Amino acid sequence: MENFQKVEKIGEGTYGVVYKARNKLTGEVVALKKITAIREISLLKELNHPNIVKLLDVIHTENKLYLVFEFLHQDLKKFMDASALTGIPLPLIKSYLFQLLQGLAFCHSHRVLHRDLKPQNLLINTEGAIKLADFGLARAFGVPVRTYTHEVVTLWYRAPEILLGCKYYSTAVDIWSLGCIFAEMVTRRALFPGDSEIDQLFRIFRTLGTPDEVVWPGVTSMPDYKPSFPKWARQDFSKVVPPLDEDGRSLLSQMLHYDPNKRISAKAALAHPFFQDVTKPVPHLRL
Ligand SMILES: Fc1ccccc1-c1cn2ccnc2c(NCc2cccnc2)n1
Numbered sequence: 001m002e003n004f005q006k007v008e009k010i011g012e013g014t015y016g017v018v019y020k021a022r023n024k025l026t027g028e029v030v031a032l033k034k035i047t048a049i050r051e052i053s054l055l056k057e058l059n060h061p062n063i064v065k066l067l068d069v070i071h072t073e074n075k076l077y078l079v080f081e082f083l084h085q086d087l088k089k090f091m092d093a094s095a096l097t098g099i100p101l102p103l104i105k106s107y108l109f110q111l112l113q114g115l116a117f118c119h120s121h122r123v124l125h126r127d128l129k130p131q132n133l134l135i136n137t138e139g140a141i142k143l144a145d146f147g148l149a150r151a152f153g154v155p156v157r158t159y160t161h162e163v164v165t166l167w168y169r170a171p172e173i174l175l176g177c178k179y180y181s182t183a184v185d186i187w188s189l190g191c192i193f194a195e196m197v198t199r200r201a202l203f204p205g206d207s208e209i210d211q212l213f214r215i216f217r218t219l220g221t222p223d224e225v226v227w228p229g230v231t232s233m234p235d236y237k238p239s240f241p242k243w244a245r246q247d248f249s250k251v252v253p254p255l256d257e258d259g260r261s262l263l264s265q266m267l268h269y270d271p272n273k274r275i276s277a278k279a280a281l282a283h284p285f286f287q288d289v290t291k292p293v294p295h296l297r298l
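Have a look at this one:
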């Protein structure tokens, strides 16, 4: 750590504080996150891709763990809050979604899941790029109910299989989270802002219909499934994400399929017609 000068506190992450810091040597500006785990994290150093925030180094000393990351200037949560009045233009939403799917496709091809995607871990730059932060940390350290600062870990983007107690969820969980984020960028409101596990599940059910054996073979056997769940009818996506076009609604619908085995993969999503006219606009960032 004596190699880094702290510039400012960025925030409190899931596992520890995150600081903007300067390498007293290279003068490089980085993000420093103050946190079997060592081996898992160490593997992440080679999982490099333009849409994945680079893990520069791991420092383990005095039994304390610091992760040194590539620094980006803003996160998607802040960008969305800042774009509230007018919304993020569709072409930028499309570019972001396309880039995030590329990041997922890459990680998923290596059998590495993120597991806790949310706007706070999607970082953006002035060039129009967006990158996934904290990839792989959930498997390395787990996902707590509350952060080290006691802040509640959001449930809003959690896939239904996780909520229903699946022990061995798949890469499909990240596709669900990203679909939730896609909807939120379009409508300027979180899709399923649950404030407890059952509220999160019931919010999903009220919009997508209570899952049954027809749409999700095996659902009724899942550990936390209860036959006493209320049976709500599915809503049309035209009501859920106006004014998204049919291509976007079609893709969203596939990213939010209940059955994880049938939910679209990141690779398949990249080929969806919605991306026919994708471009890479520059966001307006006031740093
Ligand atoms: F530059 C980075 C590299 C790796 C992780 C986060 C950042 C990073 C850099 N940032 C610069 C401005 N805002 C952020 C930001 N916000 C997300 C956030 C909020 C609270 C706690 N943790 C993250 N994260």
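In the deposited numbering, the protein residues as written are 1 to 35, 47 to 298.
Cβ coordinates follow ideal geometry from the N, Cα and C atoms, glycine included.
Residue burial classification, residue i (beta-carbon count within 10 angstroms, cutoff 16)
i           : result
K75         : exposed
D288        : exposed
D86         : buried
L298        : exposed
residue 307 : Examination of residue 307 is not possible in this model, given that the chain is present from 1 through 298 alone.
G11         : exposed
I209        : exposed
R157        : exposed
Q246        : exposed
Nonlocal neighbours in the same chain, by C-beta distance under 8 Å from residue i, ignoring five residues either side
i    : result
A244 : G220
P204 : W167 and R214
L115 : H125, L143, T182, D185, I186, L189 and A277
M266 : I186, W187, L189, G190, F193, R274, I275 and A280
8 Å contact criterion, which residue i and residue j should meet: CB distance rounded
i          : j    : result
residue 44 : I70  : Between 35 and 47 the numbering of the chain has a gap, and residue 44 falls inside it, with no coordinates.
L212       : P171 : 7 Å
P228       : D270 : 7 Å
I275       : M196 : Wrong, their Cβ atoms sit about 18 Å apart, outside the cutoff.
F90        : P294 : 7 Å
Start and end residues, alpha helix (DSSP H) containing residue i
i           : result
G190        : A183 to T198
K34         : Note, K34: premise wrong, no alpha helix (DSSP H); beta strand (DSSP E) at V29 to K34.
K88         : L87 to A93
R22         : No alpha helix (DSSP H) holds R22; the beta strand (DSSP E) holding it covers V17 to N23.
residue 303 : Since the first residue shown for the chain is 1 and the last is 298, residue 303 is missing from the structure and cannot be characterised.
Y107        : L101 to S120
For residue i, the first and last residue of its enclosing beta strand (DSSP E)
i   : result
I10 : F4 to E12
7 Å Cβ shell around residue i - same chain, five flanking residues per side excluded
i    : result
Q110 : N62, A140 and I141
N23  : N3, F4 and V30
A95  : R199
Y236 : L175 and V230
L202 : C191, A194 and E195
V17  : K9 and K34
Residues near residue i in its chain [Cβ-Cβ closer than 6 Å; skip 5 each side]
i    : result
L83  : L134 and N136
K291 : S106 and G139
Legend entry - Within the region 122-167, ranges of the alpha helix (DSSP H) (whole runs, at least 4 residues): 148-152
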